[PDB]
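Chemist:
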Amino acid sequence: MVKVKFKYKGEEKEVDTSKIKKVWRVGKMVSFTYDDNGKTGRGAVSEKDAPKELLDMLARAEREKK
DNA sequence: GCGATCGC
DNA sequence: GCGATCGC
Numbered sequence: 001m002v003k004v005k006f007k008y009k010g011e012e013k014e015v016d017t018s019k020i021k022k023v024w025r026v027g028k029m030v031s032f033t034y035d036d037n038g039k040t041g042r043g044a045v046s047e048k049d050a051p052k053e054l055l056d057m058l059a060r061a062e063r064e065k066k
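For what it's worth, the deposited numbering labels the leading residue of the first sequence as 1, then goes sequentially.
1) Taking all protein chains shown into account, do 16 or more other C-beta atoms lie within 10 angstroms of the C-beta of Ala-61, making it buried, or fewer, making it exposed?
2) What residue range is occupied by the uninterrupted beta strand (DSSP E) comprising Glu-14?
3) If we ignore side chains and look at the alpha-carbon of each, how far apart do residue 68 and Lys-65 end up?
4) Bridge partners for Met-29 per DSSP, in chain order?
5) Would the beta-carbon of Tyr-34 be found less than 7 Å away from any heavy atom of the ligand ZN?
6) Which value, in whole angstroms, describes the spacing of the CA atoms of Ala-44 and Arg-63?
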């Protein structure tokens, strides 16, 4: 169980990596979308605060050749 | 301004 | 179509 904790719209949050859908990099920012009980949530963390699991997922997304 | 998306 | 949003 790996939970990513982040702030969005001032709201503190925590999402389970298995709920994370897309992950991408924007500079040093790791951004993603996730299943938020029915809707698509958005969140991002600094690469430094990203657990290895999230970086693992980012590396996998970065290898996508479609 | 970068990526990408949601919610207008 | 675009602002807000996230870290920097």
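All C-beta atoms, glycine included, are put in the ideal place defined by N, C-alpha and C.
Modeler: Taking the coordinates as given:
1) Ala-61 is exposed by the Cβ-count criterion.
2) 11-16
3) Residue 68 lies beyond the range of the chain shown here (1 to 66); nothing can be said about it.
4) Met-29 pairs with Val-26 and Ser-46.
5) Judged by which ligands are present, the structure shown has none, so any question about the ligand ZN falls away.
6) 20 Å
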